[PDB]
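Let me begin by presenting the structure, written as structure tokens, before commenting on it.
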Amino acid sequence: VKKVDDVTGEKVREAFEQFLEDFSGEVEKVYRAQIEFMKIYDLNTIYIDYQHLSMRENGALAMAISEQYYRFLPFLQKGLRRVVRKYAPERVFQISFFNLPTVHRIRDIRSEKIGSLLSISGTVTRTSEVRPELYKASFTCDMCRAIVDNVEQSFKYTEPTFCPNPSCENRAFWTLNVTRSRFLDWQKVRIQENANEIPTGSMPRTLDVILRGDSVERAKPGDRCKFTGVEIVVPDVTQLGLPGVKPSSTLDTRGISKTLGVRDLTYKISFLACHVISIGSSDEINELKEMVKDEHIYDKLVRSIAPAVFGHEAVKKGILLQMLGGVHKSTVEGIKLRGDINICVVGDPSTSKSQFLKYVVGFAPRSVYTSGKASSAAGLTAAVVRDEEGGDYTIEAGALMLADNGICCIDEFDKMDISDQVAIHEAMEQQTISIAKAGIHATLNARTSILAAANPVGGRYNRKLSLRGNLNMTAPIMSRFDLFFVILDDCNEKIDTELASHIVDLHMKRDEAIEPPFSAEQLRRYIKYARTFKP
Amino acid sequence: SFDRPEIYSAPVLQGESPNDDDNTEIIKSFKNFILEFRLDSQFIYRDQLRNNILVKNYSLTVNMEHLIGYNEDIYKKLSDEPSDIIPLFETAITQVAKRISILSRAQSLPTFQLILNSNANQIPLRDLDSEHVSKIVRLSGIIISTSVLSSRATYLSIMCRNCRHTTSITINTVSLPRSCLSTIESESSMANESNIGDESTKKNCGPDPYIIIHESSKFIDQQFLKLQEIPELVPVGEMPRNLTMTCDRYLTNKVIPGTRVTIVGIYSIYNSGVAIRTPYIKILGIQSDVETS
Amino acid sequence: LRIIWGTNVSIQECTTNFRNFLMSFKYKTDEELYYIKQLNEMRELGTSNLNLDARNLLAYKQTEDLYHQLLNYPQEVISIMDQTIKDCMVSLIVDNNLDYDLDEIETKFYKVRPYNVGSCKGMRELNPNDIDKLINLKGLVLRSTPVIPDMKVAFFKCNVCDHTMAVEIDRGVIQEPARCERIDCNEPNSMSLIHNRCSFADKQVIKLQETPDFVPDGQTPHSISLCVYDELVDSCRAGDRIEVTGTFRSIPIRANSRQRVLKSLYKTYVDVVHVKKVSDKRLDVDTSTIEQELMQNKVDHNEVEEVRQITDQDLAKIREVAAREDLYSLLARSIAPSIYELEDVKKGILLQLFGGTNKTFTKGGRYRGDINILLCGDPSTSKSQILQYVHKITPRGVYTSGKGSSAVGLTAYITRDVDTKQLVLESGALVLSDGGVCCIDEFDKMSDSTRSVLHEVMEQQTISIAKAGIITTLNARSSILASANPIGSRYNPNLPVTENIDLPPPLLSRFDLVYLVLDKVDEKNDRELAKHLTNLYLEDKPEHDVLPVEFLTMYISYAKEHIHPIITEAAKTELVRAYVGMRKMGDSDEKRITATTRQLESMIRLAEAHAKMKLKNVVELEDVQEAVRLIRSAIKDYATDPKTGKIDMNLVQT
Amino acid sequence: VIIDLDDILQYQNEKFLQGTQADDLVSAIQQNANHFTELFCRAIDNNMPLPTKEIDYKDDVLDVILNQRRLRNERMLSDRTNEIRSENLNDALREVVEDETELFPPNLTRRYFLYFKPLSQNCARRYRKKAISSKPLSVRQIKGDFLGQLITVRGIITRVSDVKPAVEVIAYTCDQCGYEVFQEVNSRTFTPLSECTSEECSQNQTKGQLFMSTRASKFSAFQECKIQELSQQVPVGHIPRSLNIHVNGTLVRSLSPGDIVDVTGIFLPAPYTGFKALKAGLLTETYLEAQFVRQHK
Ligand SMILES: Nc1ncnc2c1ncn2[C@@H]1O[C@H](COP(=O)(O)OP(=O)(O)O)[C@@H](O)[C@H]1O
Ligand SMILES: [Mg+2]
Ligand SMILES: [Zn+2]
Ligand SMILES: [Zn+2]
Ligand SMILES: [Zn+2]
Ligand SMILES: [Zn+2]
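Chains as they are written, first to last, in the deposited numbering: chain 6, 100 to 123, 130 to 194, 260 to 429, 443 to 463, 509 to 763; chain D, 2 to 108, 131 to 195, 204 to 303, 320 to 340; chain 4, 177 to 204, 220 to 735, 740 to 782, 786 to 852; chain 7, 78 to 166, 178 to 385.
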């Protein structure tokens, strides 16, 4: 019995084979060289640029693949297999598209584009462990001891549909052999919608992302990544109870001699991705050497921090030297010596202490901002999510877990409760956070520098009292803050005139009236280089 | 302590166009044939149906020639698959008889029996073979043995010896239910309560829990016959062949051994080599040649 | 002739009457054919949806019955209307022989959206006999689920010959083939469903806080579920005030996910066909906060308009009204005509409504022109009527009290959905008000814990969350309008201001304007106020040089949309001079509200608002002078002693 | 329709005082109230005058459907009688016509609701009787001896539920045969039908798939309210108890929380719903079906 064929599928297969073979002032061809490279280094994946595919055949191939990637993926796989066999001597091969012309938001996904290839962006909230995934199972027939191999699953546990031999008339009676089947690595990742993309008056969305093969263990919680893959659907048992009419399926009973299997068709949109990249040397070593060879480099380094804030040089010289830290030392007896620097800025609500926090969070590489009263003990530290739908538990990072080896910003520090204060105390004393919830113990790393902004206890800083009498903190946390910058207001005609002129300049001129010695990228490069010296 | 909900229907719209090979059209066609067909400008079948109902004989005798004259498609259908077509014609007879009886009463019938007579060419008893299985045949021979009358059920009233749930069965190989039917039948909301009691133990009536209440049931007559080939034409050096025949209701006690008859019936099988079955005939009509006055 | 079973609709009569109404009806511009031009413009632009005012049908004599037919049997009538619209369209295009390119219109789809169904009695007043009728509702959006894929065509494959089928859904049921339709292959029950090859539509569910006009005795607020389909998804955001038209539905629900048993008591909801997002009693939404949503609306081919349309005559009238020399006083007097005098209070309210100019720095940075006002004074004045009026005039906002709120209740929380049985995130008061005005009454009764969260809102127009499962920063671009009562019984003028208000002195400096509503006894003013108040009971209905509310809202919305003032050096000099004056003047402590940089920011914002009014694009000396005068008058420093900080009851003018 | 028992008692006394015999309808209705509802319905459906107003575009949809159903009934009857007459095979003719033809049952053609109201103390006191149905009782006093009777309760309403549609008879349609199938429901849950059960589809070999049609279905407006004892009724040192009331039809929205009322209704049983391990025999739960409401203020 001959199997039906799709002429269009074979046409696309031939087109893709020709594309691989025929793509090219020393001329070169990239894809053949890359196949040779894969042979040399024993890899599993091929990287293909989208524009290279697009600029041919009047875009027919690019379109057909774009809106029917799901249909044509097996034919692309077959074409790649044929090309590699022809031009090179079990192996699972993966293709990786990237550099699409446009990017979509998580808020603008539609059921029309199901089964097509697109690109999305979001912030990673959670990742699970890598687990084996059933790919091509093997079964043993029961009525006869025949053996069936290379049975595909296709997103769910599938069984053979008929015994391969007429000697046995078995069907639906099978056993699974876990000894001679293959698996692939499988990971689940939860991403969140970007902060600047959330519309007015609405809470953020989330989307499940599935990773396979060598793309696993790439995303990291707290990072922004751009994905590319297919938009798929999976069952949603949770949709019962919603209003509306939900499709049901029943077997047609016309044409059957005579003389119940109804199913529900509820689904939800997920995303199976193939390429993941994070979004944040070269000629610039000359620039780095030129700039280090400056002699008043320190003055510019100080002046380029918080350029939009008038004065307060000491706070800037603290924020610097908080980005750059000491060195961590270990004693023979096992006593560890700290290398982090902590700062507290004290002032009344009428001062500009919060702008320093905002600058740090907007500038520093791994920084998190939080408020004293808009936080929680689980919001800081971490939680455990034992409802992992496929297996064992997982742990979700809190505020302190993020910005590890970075800086944590805490405004309204004087509103923290006792439990969260003890959590910060534990983080400062030892760089660890201990979790004891739901019968699960764990230990985490909390090597973080804390930048806090506190208000005086009475609203105004009574200069008759000492620092201890004007604060609300507890002795342990207060005894680890190595710098206390108390900023007060002095009435002076020239200072007031200068401040007013600067503010009016900023409103009238906007971006023009900034003129800092160095750019933010330059500062980041300098700090990245300088954090690796160990004086 | 609610009662049992009901279900009913009523016609409103006109569904798909009727097909020719559907049961309702077959019944309507047979009804038209019964009430319209004319011979010598006479309504033979309507008149004899009326007379029979007046006489309390619930049957019609019909000649196949008249039917093949009136309509050929249903004739071929009846010849090819009698087991499917006979009940349709019987229910048509009953439908007509209901109206006839009601109007006559103006000025509780059972299902009527269809008796088929024929005069086409017969077939020898030694010519029956596989090609004839389940078709209609016409045979000639001599009756050599009639049996005693048996009893078979046409309507049974049964009850469960555990929970006393009652039901009924109608016949027109039926067997009594293997399990009590009071669970699948969700009769009432309190019926759900009644199906559980005395702590944790489940309710299980057992295997074959039903019994027959004889004083409220109905039965019919049944008989067996043996047909042999005429002893004149048997080949030398061999004994004659014979066959087993079954008839019921109004075809019982019609002939006696030693009579030469023509039989119309269905060639069938039953289970009593490797895959062998025993043939026999389901009687549709008997025609006697007049013997031993 | 041939009616449809169950209904009384006749397809032929309905189509003929609809065609006749389409081809002959005028608004009695009132003498011309109203719908011919609308269809012509639709085809010129290529729009596919026609908005039908159901009230227009009651005017024509023929369609006096089609109105009730549409209200009773929307399902048949809407399809008949759509087909008739397409037929009338082809007739219009071909009968005049404009362009032979008519394939597109013959292939595309059309639709009609009723939007003026009669006045209803509230969702909870409907009876079972009202199922599958046309109704309308008013309410506030709370939540929306993500898009749900809803299958329409199923894709099967044969597991022996690769033959692939296609089945269309039929009233929510799929008929799976029981045998391959091939002659070579006839294997029974060999067809498998490949879900990723199916075609899906769009669906969403919205949670609505209904606001009926008539409320029976003892009825509390409740919520309703709305179903939107296809192009209308993502057309609503939490905090939006909307008017909706749809069908009243019902459905049974399964008892458990294992069995297929249903419950006798049904669940009700609404299917949406049209949404109105504009009104003549309130301002239009600030377009600076919906930048990407308008682009998405254009991409999605949804014909919902966010802002009201303007006719040329309206713009001409706007220009003439802006061209007069009494504009400021007239506009101030228009606000709340039922409130007597309070000239500077009303001026501050108007300036707050107009708002300052929003700067957006390239490479990061955001300044906003939201204006915050605090109302302090004698308890018995009219300082809560102001809050009520401003709440009812603004597009978005929540009216809260200090003592009846909480830090969590203002920001965000987690709740378990009663339908899906899962946990979801909801919004608080301050995020529901983003882009609007949040009114807080009795600000001095709010706890310090509760007050803590206002700092970030008023100092960066944002909020941060660090809770289990959620870590993000939210927009809170909302203005604050607060009120407070003095400590004790009455504002004592023999004490400083800081001894009369129960708030820390540092907090009072973060507002842009502070008002001291003092009550003085003068017989002339008493006579005036008494006569004003007693004139309101002369006749059972109100009859009180004031602009109408509709024109006022139109003018303010146009000014907010289309004018963006910019400051000049002439204003810079005066700004710096006045700021230095305030800092120096008054220089033994906690006797007065100390000047800060917030005061310079407030002058900038108020001058920008004054320029933005009256359709100017440049801020000049008069603007800054007026801003400084208003700031000084609000706190009435003219009657205050710079040394002791007391007030003279003889130097204050009513 | 409201049926007043005072009228029945007056009719009985009028019949008696002039000599002739009569039955005690009042007591029969009182002791077995749930059976007389359908008796009254059937009697009323036999006497309803023809409508003197034509049906126009400003009537309810339910009335339109009812009128269509009645016209269809008449058309089927006329077709059947004509077909039988044309056969050539008048009380008997109509009898046979009635035997062979389907129709729409009376319950699917009614448009009214029927309620009873109790015997007032005044009428019984004047006629020398004991009006049981209108002697107020507390929830404490209502025991199992009162099940199946028409009784009155005095109390204060504490909770009321929103009105929702409760389905009485579901409707389906068959595109194969064109019949309409009706499925009665009197339980808290039910199982939808799958395949057609009409005579035509039953006799054939290929049956059609039923589809549910909400507009033809029969619905009722349902509410459930709780009623609590008054302080003066509670014994010494005890806590007040409660009771359940069901309201159906046009009597909905007549009770709001906080009202002291005298509810009238038929006291009926319901299936047990407690823990399984504590079930000893055929235990039941009780509820009241409302028939009349009066307020103290
Ligand atoms: N200037 C005014 N114009 C109109 N009504 C006024 C005025 N002053 C006082 N009233 C009347 O006095 C009452 C003021 O009370 P209210 O405004 O509720 O107190 P507050 O707002 O100060 O808490 C209102 O009912 C209003 O009718
Ligand atoms: Mg007030
Ligand atoms: Zn086998
Ligand atoms: Zn039993
Ligand atoms: Zn096949
Ligand atoms: Zn049917």
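In this text, a Cβ means the ideal position worked out from N, Cα and C, and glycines have one as well.
- Nearest CB-CB separation between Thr294 (chain 7) and chain 6: below the 7 angstroms threshold.
- Contact between the stretch 633–646 of chain 6 and the stretch 636–652 of chain 4 is present: three or more C-beta pairs spanning the two stretches fall below 8 angstroms.
- Within chain 6, the residues placing a beta-carbon under 7 angstroms from that of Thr553 (chain 4) are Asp739, ordered along the chain.
- In this structure, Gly539 (chain 4) lies away from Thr548 (chain 4), with their beta-carbon atoms at least 7 angstroms apart.
- As computed with DSSP, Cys636 (chain 6) is found in a beta bridge with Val596 (chain 6) and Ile678 (chain 6).
- The nearest non-hydrogen atom of ligand 5 is 6 angstroms or more from the C-beta of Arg341 (chain 6).
- For the pair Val156 (chain D) and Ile146 (chain D), the CB atoms are not nearer than the 7 angstroms cut-off.
- Counting along the chain, the unbroken alpha helix (DSSP H) around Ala169 (chain 6) starts and ends at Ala165 to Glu172.
- Listed along chain 7 are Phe299 and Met300, each with a C-beta nearer than 9 angstroms to that of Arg362 (chain 4).
- Distance from the CA of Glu624 (chain 6) to the CA of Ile462 (chain 6), rounded to the nearest whole angstrom, comes to 22 angstroms.
- In this structure, DSSP gives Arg228 (chain 7) a state outside helix and strand, which the three-state scheme calls coil.
- Of the other Cβ atoms in all chains shown, 16 or more fall within 10 Å of the Cβ of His735 (chain 6); this residue is therefore buried.
- Distance from the Cα of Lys398 (chain 4) is smallest, within the candidate group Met382 (chain 4), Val419 (chain 4), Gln410 (chain 4) and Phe391 (chain 4), for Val419 (chain 4).
- Here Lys394 (chain 4) is buried. Its C-beta has 16 or more other C-beta atoms within 10 Å.
- Membership of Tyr267 (chain 7) in the beta strand (DSSP E) is indicated by the continuous run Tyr267 to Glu272.
- Contact between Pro586 (chain 4) and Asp475 (chain 4) holds, with the beta-carbon distance rounding to 7 angstroms and staying under 8 angstroms.
- Apart from the 5 residues on each side of it in sequence, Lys844 (chain 4) sits with its Cβ closer than 8 angstroms to the Cβ of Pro684, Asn685, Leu686, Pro687 and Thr838 in its chain, given in chain order.
- Distance check between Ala368 (chain 7) and each of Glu230 (chain D), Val337 (chain D), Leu331 (chain D) and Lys234 (chain D) places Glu230 (chain D) closest, using alpha-carbon atoms only.
- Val351 (chain 4) has its CB nearer than 6 angstroms to a heavy atom of ligand 5.
- Boundaries of the beta strand (DSSP E) harbouring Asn327 (chain 4): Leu325 to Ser335, taken from the DSSP string.
- Interface annotation for the stretch 233–264 of chain 7 against chain 4: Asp250, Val251, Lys252, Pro253, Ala254 and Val255, criterion Cβ-Cβ distance under 8 angstroms.
- Out of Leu751 (chain 6), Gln658 (chain 6), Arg614 (chain 6) and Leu628 (chain 6), the CA that lies nearest to the CA of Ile668 (chain 6) is found in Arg614 (chain 6).
- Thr297 (chain 6) and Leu448 (chain 6) have their C-alpha atoms some 29 angstroms from each other.
- Judged by DSSP in its simplified three-state form, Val466 (chain 4) adopts strand.
- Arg5 (chain D) and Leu328 (chain 4) have their C-alpha atoms some 42 angstroms from each other.
- Rounded to the nearest angstrom, the gap between the Cα atoms of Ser213 (chain D) and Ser174 (chain D) is 30 angstroms.
- Neighbours of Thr664 (chain 4) in chain 6, taken as residues at a C-beta separation under 8 angstroms, are given in chain order as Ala365 and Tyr597.
- Scanning its chain for C-beta atoms nearer than 8 angstroms, with the 5 sequence neighbours on each side dropped, one finds around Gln383 (chain 7) the residues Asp347, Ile348 and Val349, in chain order.
- Assignment of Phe90 (chain D) by DSSP, reduced to helix, strand and coil, places it in the helix class.
- The closest heavy atom of ligand 6 lies 6 angstroms or more from the beta carbon of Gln291 (chain 7).
- The continuous stretches of alpha helix (DSSP H) do not include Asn720 (chain 6), and DSSP gives it neither H nor E.
- With respect to the 7 angstroms criterion, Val294 (chain 6) and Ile402 (chain 6) are not classified as neighbours on the basis of their beta carbons.
- Interface annotation for the stretch 457–468 of chain 4 against chain 7: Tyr457, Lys458 and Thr459, criterion Cβ-Cβ distance under 9 angstroms.
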